[PDB]
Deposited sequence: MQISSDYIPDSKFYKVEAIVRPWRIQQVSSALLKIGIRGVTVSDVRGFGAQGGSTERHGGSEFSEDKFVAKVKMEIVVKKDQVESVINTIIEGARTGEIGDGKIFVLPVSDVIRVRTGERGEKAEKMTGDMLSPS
């Protein structure tokens, strides 16, 4: 990927009713945590949700594929996935940084 980076944010803008399917699919590949927020596409709007996950470079393709598995319906309006370089990941609780900081360690 260009830019090259140790970590990447995978940002998926998908249908709100596909949250659980994407989340469950990610869990199967060891991605235990996703961050979700409400967004609107074009007072007429289309409701979407942004799903954000930060992973190591070697996990990006698996994450993309897994999100598609959960989010795809075959109908126009399935959304888009963006990949952005992440220079650093820090765990607030411990100050751990990098690989020691990327995994989600919240309660299930």
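Missing from the model, relative to the deposited sequence, are the stretches 1 to 6, 49 to 65, 132 to 135.
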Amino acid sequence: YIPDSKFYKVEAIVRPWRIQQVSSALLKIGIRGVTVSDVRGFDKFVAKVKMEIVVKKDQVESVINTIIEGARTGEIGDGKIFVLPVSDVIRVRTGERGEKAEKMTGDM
From here on, numbers count along this sequence of modelled residues.
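Higher mean CA temperature factor, per the PDB entry, when comparing 18 to 26 with 90 to 98: 18 to 26.
Here the stretch with the larger average CA B-factor, out of 28 to 36 and 60 to 68, is 28 to 36. The PDB entry assigns residue 76 a C-alpha temperature factor belonging to the highest third of its chain's modelled residues.
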